[PDB]
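Trainee: Sharing a structure, written as structure tokens. Questions coming.
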Amino acid sequence: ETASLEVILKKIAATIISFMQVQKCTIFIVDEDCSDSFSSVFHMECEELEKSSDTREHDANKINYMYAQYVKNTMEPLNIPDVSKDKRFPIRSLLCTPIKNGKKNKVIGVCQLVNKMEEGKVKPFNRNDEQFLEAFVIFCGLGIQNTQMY
Amino acid sequence: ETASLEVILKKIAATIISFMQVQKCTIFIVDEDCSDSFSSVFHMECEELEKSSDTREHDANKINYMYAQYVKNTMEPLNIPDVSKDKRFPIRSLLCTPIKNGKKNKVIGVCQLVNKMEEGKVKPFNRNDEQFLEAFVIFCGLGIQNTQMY
Amino acid sequence: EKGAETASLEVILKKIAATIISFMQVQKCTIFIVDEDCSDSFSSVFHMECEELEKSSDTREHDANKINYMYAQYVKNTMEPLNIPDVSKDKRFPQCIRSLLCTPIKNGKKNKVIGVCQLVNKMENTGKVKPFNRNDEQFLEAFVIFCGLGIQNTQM
Amino acid sequence: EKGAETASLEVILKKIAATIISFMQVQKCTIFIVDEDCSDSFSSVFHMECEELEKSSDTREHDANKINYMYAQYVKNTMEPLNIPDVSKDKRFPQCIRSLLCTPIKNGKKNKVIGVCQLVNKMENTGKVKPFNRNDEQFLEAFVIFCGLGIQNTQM
């Protein structure tokens, strides 16, 4: 049914982004019931958000970069089951994990993930997702380092 | 150099989104010069934006859905070289193309693309991109229709 | 429940191989899962590959005459798609069955073949291989139109 | 300028085949570009494929003993990676060269092999095949750790 429709939409966006070299794609599907509206609105984006002049410094100050510094700033996963209801900071569930380096020198990046979903609804990130993300950034860290030293 | 670094970042985000079933991913790379800031911030997302109750009707009214209705509402590509400087509507370059149906029955969707880029900078969408997008949505339209009738 | 964990795994294996290929720049990836039931064997061997088969500059005239390029040849000269249900059972071209759908890629003006798209073994959710149907044929006919444009922009 | 349009094309061809595979659910895609220089031949044949090779339930014990599963076997029993520069030139395992990097996938606790990752033909920008180096080996060693977790979550 619509699960199949929601899968094509993903494919179409990823494909168009690949072939055209655009940052954003949105697929609007005319709602069959209300022709004025959209039954599905599938969105995707890819972007390098900083090509500036530390102007990048001041961008870190911003409220959506919060959790990133919090994790760079702890060396430890941050896990927020429902963000609307959360009381440590002034879009729903969020996992965010330090990308560390080769021989645990220090921290070289952060993975934020937003809205784990159900294979369904939006969901919290569990200890098992954490463990998976932790194993994932190991190779990432090692890939990121190669693209400079070489 | 950083072009290679900007490519890994894309791969990492697409991969993490694939494996974890999240909507948003952001890869922060600690700026080597200012440890407080981010040298790169690579962002990606995938989302179904409407699972509601036409509540979807009122969502069409919104200012970022503008151009979508404009194209549903014309049957013709819309092409805006620099949006900040544009005078037809109250993020920069934008192409937006109707997804039509099998035997040109009517319109079943819209592709918005934002920010063509250079293989470099952000760029306008040309007549050639249009022609390419026009040929692209033909198979899309035919794929979208299959996931309902079947 | 136990066929539900196996379709799962295939998905992961494909993701794995696609991910590693993309990151590593290799032509071929094969992931073997050791059979839990006895450790001397593999319960899954998931293969994926990616490569350009014509790295030679003529010497291609000879290669084009290979047995495995016949469908391609047939579609190119004929200028129309070819649909075979079971490549073995077929009589004009000299168990587990194989299905084939081969479609021409044309120039905008549709009077000349500029390439060909050959697809093998349409699949069902972990289902068997099946024949390509008319929607399949319809769909690919629409798909190669934008392929032609892509390709042509590239040969500038 | 004219080798610049050819690396371009390979990129498009890979994108095409990946796109069509993904949309169509087929195991194999081959895109042929008709040689502009003479229409009887193909100047590019870009192949990509995707499939599970063990669809049988024992009968796998026999399959695991195939010649093309030896590296896999060797890595699994040995429990450590295997790196071959030119699979032909190599003497323990019974031109255009082939390079091979095969790494074990382990359980969290690292005392048992649960699968194996075999990579073939590391490539250079349209460059030739080359040997896998130590970074290659380092990188894959880090990559399979998360593979193990993925796989295991799947076998619940």
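Chains as they are written, first to last, in PDB author numbering: chain B, 343 to 396, 399 to 434, 448 to 476, 479 to 509; chain B', 343 to 396, 399 to 434, 448 to 476, 479 to 509; chain A, 339 to 396, 399 to 434, 446 to 475, 477 to 508; chain A', 339 to 396, 399 to 434, 446 to 475, 477 to 508. A prime marks a further copy of an entry chain.
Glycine included, C-beta positions come from ideal geometry on N, C-alpha and C.
Rounded to a whole number of angstroms, what is the C-alpha to C-alpha distance between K352 of chain B' and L451 of chain B'?
Mentor: The residue given as residue 352 of chain B' occupies position 10 in the second sequence. The residue given as residue 451 of chain B' occupies position 94 in the second sequence. Going by the C-alpha atoms only, they are around 21 Å apart.
Trainee: Within a Cβ cutoff of 8 Å, which residues of the same chain sit near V481 of chain A, ignoring the five residues on either side of it in sequence?
Mentor: For this step, residue 481 of chain A is matched to residue 129 along the third sequence. The residues are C447, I448, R449, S450, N472, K473, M474.
Trainee: Does the beta-carbon distance from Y409 of chain A' to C453 of chain A' come in below 8 Å?
Mentor: Within the fourth sequence, numbered from 1, the residue matching residue 409 of chain A' stands at position 69. Within the fourth sequence, numbered from 1, the residue matching residue 453 of chain A' stands at position 102. No; because the gap between Cβ atoms is not below 8 Å, this pair is not in contact.
Trainee: Residues of chain A with a CB under 7 Å from the CB of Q363 of chain A': which are they?
Mentor: As a first step, residue 363 of chain A' is located in the fourth sequence; it is residue number 25 there, counting from the start. Under the 7 Å cutoff, chain A gives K473, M474.
Trainee: Compare the Cα-Cα distances from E392 of chain B to each of B':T399, B':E420, B':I369 and report the closest residue.
Mentor: Position 50 of the first sequence holds residue 392 of chain B. Selected option, being the one with the closest Cα: B':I369.
Trainee: Does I407 of chain B' pass the burial test, meaning 16 or more other C-beta atoms within 10 Å, or should it be called exposed?
Mentor: Within the second sequence, residue 407 of chain B' is the residue found at index 63, counting from 1. So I407 of chain B' counts as exposed.
Trainee: On a Cα-Cα basis, can you pick out the residue from B':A356, B':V372, B':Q490 that is closest to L422 of chain B'?
Mentor: Counting from one through the second sequence, the residue named residue 422 of chain B' turns up at place 78. Checking every option, the nearest Cα to that of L422 of chain B' belongs to B':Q490.
Trainee: Within 10 angstroms of the Cβ of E389 of chain A, are there 16 or more other Cβ atoms? Answer buried if so, exposed if not.
Mentor: Within the third sequence, residue 389 of chain A is the residue found at index 51, counting from 1. Buried is the call here.
Trainee: Any beta carbon of chain B sitting closer than 8 Å to that of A345 of chain A'?
Mentor: One-based indexing of the fourth sequence puts residue 345 of chain A' at position 7. Chain B, which has no Cβ nearer than 8 Å to the Cβ of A345 of chain A', makes this no.
Trainee: Mind pulling the chain A' residues with CB within less than 9 Å of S382 of chain B?
Mentor: Counting from one through the first sequence, the residue named residue 382 of chain B turns up at place 40. Under the 9 Å cutoff, chain A' gives no residues; its nearest Cβ is about 18 Å from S382 of chain B.
Trainee: Where do the N-terminal and C-terminal ends of the alpha helix (DSSP H) with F361 of chain A fall, by residue?
Mentor: On the third sequence, residue 361 of chain A is found 23 positions in, with the first residue counted as 1. 342–362 is the span of the alpha helix (DSSP H), which, as asked, contains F361 of chain A.
Trainee: In three-state DSSP terms, what is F491 of chain A'?
Mentor: Here residue 491 of chain A' refers to the residue found at position 139 of the fourth sequence. DSSP places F491 of chain A' in helix when its eight states are reduced to three.
Trainee: Considering only the beta carbon of each residue, do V467 of chain A' and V427 of chain A' sit closer than 8 Å?
Mentor: Within the fourth sequence, residue 467 of chain A' is the residue found at index 116, counting from 1. Within the fourth sequence, residue 427 of chain A' is the residue found at index 87, counting from 1. Contact flag unset, no.
Trainee: DSSP three-state label for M410 of chain B', please.
Mentor: By 1-based counting over the second sequence, the position of residue 410 of chain B' is 66. If DSSP states are grouped into helix, strand and coil, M410 of chain B' belongs with the helices.
Trainee: Thinking C-beta only, is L347 of chain A' closer than 8 Å to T344 of chain A?
Mentor: By one-based count along the third sequence, residue 344 of chain A stands at place 6. By one-based count along the fourth sequence, residue 347 of chain A' stands at place 9. In this structure, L347 of chain A' does not lie closer than 8 Å to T344 of chain A by Cβ.
Trainee: Find the residues of chain A' that neighbour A412 of chain A, judging by a C-beta separation of less than 9 Å, and give them in chain order.
Mentor: Position 72 of the third sequence, counting from 1, holds the residue named residue 412 of chain A. Near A412 of chain A (Cβ distances below 9 Å), the residues of chain A' are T368, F370, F380, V383.
Trainee: What does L470 of chain A reach in chain B' if we use C-beta pairs closer than 8 Å?
Mentor: As a first step, residue 470 of chain A must be located in the third sequence, where it is residue number 119. Near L470 of chain A there are no residues of chain B' at all, since even the closest Cβ is about 14 Å away, more than 8 Å.
Trainee: Bridge partners for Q469 of chain B' per DSSP, in chain order?
Mentor: Your numbering for residue 469 of chain B' matches position 112 in the second sequence. DSSP, once it has assigned bridges, lists B:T368, B':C453 as partnering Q469 of chain B'.
Trainee: If you follow the alpha helix (DSSP H) that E420 of chain B' is in, where does it begin and where does it stop?
Mentor: Counting from one through the second sequence, the residue named residue 420 of chain B' turns up at place 76. Per DSSP, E420 of chain B' lies in no alpha helix (DSSP H) and is assigned neither H nor E.
Trainee: Please report whether the beta-carbon of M419 of chain A lies at a distance below 8 Å from any beta-carbon of chain A'.
Mentor: Indexing the third sequence from 1 puts residue 419 of chain A at position 79. With 8 Å as the cut-off, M419 of chain A does not count as an interface residue toward chain A'.
Trainee: Buried or exposed: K366 of chain A', going by 16 or more other Cβ atoms within 10 Å of its Cβ?
Mentor: Translated into positions along the fourth sequence, residue 366 of chain A' becomes position 28. Label assigned to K366 of chain A': buried.
Trainee: Using beta-carbon positions only, say whether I503 of chain B' and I371 of chain B come within less than 8 Å of one another.
Mentor: Position 144 of the second sequence, counted from the first residue, corresponds to residue 503 of chain B'. Position 29 of the first sequence, counted from the first residue, corresponds to residue 371 of chain B. Contact flag set, yes.
Trainee: Judging by CA-CA distance, which residue of B':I497, B':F384, B':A356 is the nearest neighbour of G459 of chain B'?
Mentor: Looking up residue 459 of chain B' in the second sequence gives position 102. Comparing Cα-Cα distances from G459 of chain B' to each of B':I497, B':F384, B':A356, the minimum goes to B':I497.
Trainee: Does the beta carbon of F433 of chain A come closer than 8 Å to any beta carbon on chain B'?
Mentor: What you label residue 433 of chain A is simply residue 93 of the third sequence in a count that begins at 1. For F433 of chain A, the answer is no, since every Cβ of chain B' falls outside 8 Å of its Cβ.
Trainee: Measuring straight from C-alpha to C-alpha, what distance separates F484 of chain B and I350 of chain A'?
Mentor: For the purposes of this step, residue 484 of chain B is taken as residue 125 along the first sequence, with counting starting at 1. For the purposes of this step, residue 350 of chain A' is taken as residue 12 along the fourth sequence, with counting starting at 1. A direct Cα-Cα distance of roughly 37 Å separates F484 of chain B from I350 of chain A'.
Trainee: Taking 8 Å as the CB-CB limit, is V467 of chain A close to chain A'?
Mentor: In the third sequence, residue 467 of chain A corresponds to position 116, counting from 1. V467 of chain A counts as touching chain A'.
Trainee: Do we get a CB-CB distance below 8 Å when we pair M508 of chain B with the residues of chain B'?
Mentor: In the first sequence, the residue the question calls residue 508 of chain B occupies position 149. It does not: the Cβ of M508 of chain B has no partner Cβ on chain B' nearer than 8 Å.
Trainee: Can you name the start and end residues of the alpha helix (DSSP H) that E401 of chain A belongs to?
Mentor: Here residue 401 of chain A corresponds to residue number 61 of the third sequence, with the count starting at 1. Residues 400–403.
Trainee: Can you tell me whether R486 of chain A is buried or exposed, with buried defined as 16 or more other CB within 10 angstroms of its CB?
Mentor: Translated into the one-based positions of the third sequence, residue 486 of chain A becomes position 134. When all chains shown are included, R486 of chain A counts as exposed.
Trainee: Buried or exposed: where does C376 of chain B' fall if 16 or more other Cβ atoms within 10 Å of its Cβ makes it buried?
Mentor: Stepping through the second sequence from its first residue, residue 376 of chain B' is reached at position 34. With fewer than 16 Cβ atoms within 10 Å of its Cβ, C376 of chain B' is classed as exposed.
Trainee: Helix, strand or coil: which one does DSSP assign to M386 of chain A'?
Mentor: Within the fourth sequence, numbered from 1, the residue matching residue 386 of chain A' stands at position 48. DSSP places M386 of chain A' in strand when its eight states are reduced to three.
Trainee: Give a yes or no on whether the C-beta atoms belonging to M386 of chain A and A356 of chain A are separated by under 8 Å.
Mentor: If you number the third sequence from 1, residue 386 of chain A lands on position 48. If you number the third sequence from 1, residue 356 of chain A lands on position 18. Their beta carbons are under 8 Å apart, which means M386 of chain A touches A356 of chain A by this criterion.
Trainee: Mind checking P434 of chain B: buried by the 16 CB within 10 Å criterion, or exposed?
Mentor: Against the first sequence, residue 434 of chain B aligns to sequence position 90. By the Cβ neighbour-count rule, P434 of chain B is exposed, with fewer than 16 other Cβ atoms within 10 Å of its own.
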